[PDB]
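The next block holds one structure in the form of structure tokens; read it before the comments.
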Ligand SMILES: Nc1ncnc2c1ncn2[C@@H]1O[C@H](CSCC[C@H](N)C(=O)O)[C@@H](O)[C@H]1O
Ligand SMILES: Nc1ncnc2c1ncn2[C@@H]1O[C@H](CSCC[C@H](N)C(=O)O)[C@@H](O)[C@H]1O
Ligand SMILES: OCc1ccc2c(c1)OC[C@]1(O)c3cc4c(cc3O[C@H]21)OCO4
Ligand SMILES: OCc1ccc2c(c1)OC[C@]1(O)c3cc4c(cc3O[C@H]21)OCO4
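Protein chains in written order, with the deposited numbering: chain A, 11 to 364; chain A', 11 to 364. A prime marks a further copy of an entry chain.
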């Protein structure tokens, strides 16, 4: 040997980005939609024809397909052959991963894919070195463009970018519904639920689509909840989560602890344990946020989570918590046990028990 | 289930690019060099101090380190603790993969990493959609910048880029020496070798560094070989490989068949089988080029190879061959058997037998 075997590992990571760009191309070309609409395995020719590609772009289409098939986004099949009796020919089929790229469906993740791999998310890396060696505390995006991501989107010049980003957020909120469908046992025995920082009731409306009989109360700041009303199984309450949280069978904390440091998060968790106190060992607190498990055997899941965490760092200077950090908060808060359920690819739903 | 499990696979590929940018940052920061020069596991503090980072950049350094450690470029170790008696503290060590990033060494691949992940290699992907739907046959780089990669580098404005790219090529040629050291058995029983398209003798000089007694003849076009001379175990010969190749125990074809279509490559291989004919079943032809094995069990190696192949496509519109394609040429040429030896991460050295 010589550990000249280390090259293989070095290069896989160097060129890993190519696979992301390939997926990106697949979605922007609408391949999934083309095949799905076709209703059956599609031939290179047929597909090229559907995409209305110029003859010279057909082999490029072939190249991307081969890489994408090897990566599991398509399955090769051999079919009869171009009519005017049969030659052997390859046909492509969608696989579960690519079915996520079919537009018009509730499961479509095309937008999140488009945004995550948009130039406004990628071009900034050319300033990574300057970013490390400067004295200004800022995001990689600010260091590279001279303005925060938020400001960039709001520029008249970036009308569409702000629109696309906006689509990804809607698509991301919508997915949470699937999260509910896939984990009913989490809300089944509950009579009531308090949605902390539930804004104007968007999330609770989704909960109400799957659990119509659940009495939910949207809790937020006085000025955000205004004086909204109704829906006997839906009520709004204004207040400060750091003072107290309305009592209920369970407390929902969806994307809240992400924005607060430990000291503030601990106080919120403590108030959450109080809101369910009356229900005793029956109550629970539900935390929906990312949980990175470094000791997990699924190394690839952890890499993906850490990758997302790095995007949060370079774009917003934000952070995600590890399983240990989460454990400290939970037990420090006074809870007895907890369970983590993976959701939406790499996110987590955490059931916390007093 | 629901095949909502497909999300995990979809996202891993979406965010795969993050791992490439992280490696990129590691090399530009010179982390490997910092630790290597230190001579022993290095602490976050010590490392931050070595890189002379501003206090606010230390936690970013931490973040990148965690991801890179999980990806195998560093190994965590717990050491005594900051003097003025011990607290427990983490220390980072290089691993084989990162030792490839130590500058000044013959094994350094930093340059190839820097070039492969340079803005001039990445920014062009924002034109991937326009590229697929246009009627002009060109590379993704031409479609995005309005000029070929070659022209771009030669612009006075891109002095340094052309310099960096130039460094990666030298570094890549140099690696071939390691290839020779790691595969002596390939050239051991040879008395003579003909280096087809050996230019002015650069490659043969490397061969002469490991096998000083091997009689090598650099074969190329009359105008390139001019009238070079000497070195009793080194001679130059001008000619046309499509007409004939000087006879020798073995024919070396390093990065030649890559530039020719099958028809031209087959003719070259046939002339190669003739140049070794006199040596009988003892002779051999040595092909150094990429070989993509789709049926290989090492799926990751094939992905890397296909990834590189996609870079060759979008940058130069070039292509690499699969193992089957190579097999067709070899047997079509009239050879009996062949063997493939992986080299330099994802390249191949192919021994062909008459
Ligand atoms: N002291 C406080 N008490 C209750 N809500 C608060 C608060 N301070 C901020 N908020 C609310 O915190 C929310 C954070 S956004 C919460 C996300 C939401 N549950 C979702 O699923 O998308 C905002 O709606 C904000 O108005
Ligand atoms: N008909 C022909 N016969 C021999 N050499 C030829 C040729 N046409 C082109 N070449 C030579 O082809 C070479 C291609 S580059 C070959 C790469 C080289 N062996 C390496 O290891 O880097 C050039 O040096 C070119 O001069
Ligand atoms: O947790 C909320 C949340 C959910 C998804 C995403 C978030 C944040 O930001 C990062 C991201 O990768 C991203 C970056 C973008 C973009 C969309 C986009 O979606 C991805 O448009 C322009 O830049
Ligand atoms: O087989 C020869 C060979 C060897 C390595 C490389 C080649 C070709 O081009 C692609 C590549 O990824 C690349 C692209 C670049 C660059 C360097 C660079 O090195 C990489 O500088 C600017 O753009």
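The beta-carbon is built from N, C-alpha and C at its ideal position, and this holds for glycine as well.
- Neighbours of residue 82/A in chain A', taken as residues whose beta carbon is under 9 Å from its own, are 19 and 23 in chain order.
- Counting other Cβ atoms within 10 Å of its Cβ, residue 318/A reaches 16 or more and is therefore classed as buried.
- The DSSP-derived three-state label of residue 225/A' is strand.
- Taking residue 172/A' as the centre and dropping the five residues before and after it, the same chain places the C-beta of 163 closer than 6 Å to its C-beta, in chain order.
- When distances are taken from the beta-carbon of residue 251/A' to the heavy atoms of ligand 2, the shortest one is below 7 Å.
- Per DSSP, the unbroken alpha helix (DSSP H) holding residue 56/A starts and ends at 54-60.
- Between the region 195-202 of chain A and the region 253-261 of chain A there are three or more C-beta pairs closer than 8 Å, enough to call the two in contact.
- Any Cβ of chain A' closer than 8 Å to the Cβ of residue 32/A would place that residue at the interface, and such an atom is present.
- Taking 7 Å as the cut-off, the C-beta of residue 230/A' counts as close to a heavy atom of ligand 2.
- Shown here for residue 224/A: same chain residues with a beta carbon closer than 8 Å to its own, the five before and five after excluded, namely 197, 200, 201, 202, 203, 217, 218 and 243 in chain order.
- Secondary structure at residue 192/A': helix, using DSSP grouped into helix, strand and coil.
- Cα atoms of residue 344/A' and residue 359/A': separation of roughly 19 Å, rounded to the nearest angstrom.
- Straight through space, the alpha carbons of residue 306/A and residue 79/A' are spaced by roughly 15 Å.
- In this structure residue 30/A' does not touch residue 81/A by the C-beta definition: roughly 15 Å separates them, more than the 8 Å allowed.
- Using a CB distance below 9 Å, the part of the region 136-147 of chain A facing chain A' consists of 136, 138, 139, 141, 142, 143, 144, 145, 146 and 147, ordered along the chain.
- In terms of beta-carbon proximity, residue 193/A stays away from the interface with chain A', with every pair separated by 8 Å or more.
- Here residue 112/A' has 42, 43, 46 and 118 as same chain residues with Cβ atoms under 7 Å from its own Cβ, once five neighbours each way along the sequence are excluded.
- Under the Cβ criterion of 8 Å, residue 123/A' is counted among the residues facing chain A.
- The way I'd put it, the region 286-294 of chain A' doesn't touch the region 61-71 of chain A; fewer than three beta-carbon pairs between them come closer than 8 Å.
- In this structure, ligand 1 has no non-hydrogen atom nearer than 7 Å to the beta-carbon of residue 160/A.
- 110/A is the residue among 99/A, 50/A and 110/A whose C-alpha sits nearest the C-alpha of residue 18/A'.
- 105, 106, 107, 108, 109, 110 and 111: these are the residues of the region 103-116 of chain A' whose beta carbon lies less than 9 Å from some beta carbon of chain A, given in chain order.
- Residues 61 and 113 of the same chain have their beta carbon placed closer than 8 Å to that of residue 40/A, with the five preceding and five following residues left out of the count.
- Under the Cβ criterion of 8 Å, residue 354/A' is counted among the residues facing chain A.
- Residues of the region 299-319 of chain A with a C-beta atom less than 8 Å from some C-beta of chain A' are 304, 309, 310, 311, 312, 313, 314, 316, 317, 318 and 319, listed in chain order.
- Between residue 341/A and chain A', the shortest Cβ-Cβ separation is not below 8 Å.
- The region 272-285 of chain A' makes contact with the region 333-351 of chain A'; the number of CB pairs closer than 8 Å reaches 3 or more.
- For residue 322/A, the distance from the CB to the nearest heavy atom of ligand 4 is not below 7 Å.
- Within the region 39-95 of chain A', the runs of alpha helix (DSSP H) that reach at least 4 residues and sit entirely inside it are, in chain order, 41-48, 54-60 and 68-80.
- Taking one beta carbon from each stretch, the region 96-106 of chain A and the region 115-135 of chain A have fewer than 3 pairs nearer than 8 Å; the two do not touch.
- Along the region 205-219 of chain A', there is no position whose C-beta sits under 7 Å from a C-beta of chain A.
- Around the beta carbon of residue 180/A', a 10 Å sphere encloses fewer than 16 other beta carbons of the protein chains shown; the residue is thus reported as exposed.
- For residue 305/A', the three-state secondary structure derived from DSSP is coil.
- Under the three-state reduction of DSSP output, residue 122/A falls in the helix class.
- Taking residue 184/A as reference, the option from 210/A, 205/A, 215/A and 168/A with the minimal CA-CA separation is 215/A.
- Placement of the Cβ of residue 128/A at a distance of less than 7 Å from at least one heavy atom of ligand 3 is found.
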